[PDB]
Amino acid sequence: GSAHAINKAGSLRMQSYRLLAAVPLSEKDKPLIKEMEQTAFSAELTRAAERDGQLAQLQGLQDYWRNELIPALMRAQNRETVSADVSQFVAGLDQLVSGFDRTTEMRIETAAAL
């Protein structure tokens, strides 16, 4: 399971820039927001963050995504009004995925011994 979770968490970075590339958003992009919602709040990602010592970080990303990022993205009439918000979100995701990395690689390489 650890591997799939790194894939899925990393994919939120792509999904972030994919929504930016679609700005200004139309009704046709609702499926992309629901897909990103499903990924970001999946039990799979939460379980991964718990195992890897990153729950607080994941929660922060989730909160800002629902309460600032998405509303900003849906309000944006041009990419400039939200491009800095998205670049930083992807940097925060980079820290989360990097965190999943350290812990995950370790758990795999020490699966023996334990």
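One rule holds for the numbers: they count along the sequence shown, beginning at 1.
A summary of the deposited B-factors shows that, of 104 to 112 and 2 to 10, the stretch with the larger mean C-alpha value is 104 to 112.
For the two regions 58 to 66 and 73 to 81, the entry's Cα B-factors average higher over 73 to 81. Ranking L32, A43, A49, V86 by Cα temperature factor from the entry places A43 first. Per the deposited record, the Cα B-factor of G99 falls in the highest third when ranked against the other modelled residues of its chain.
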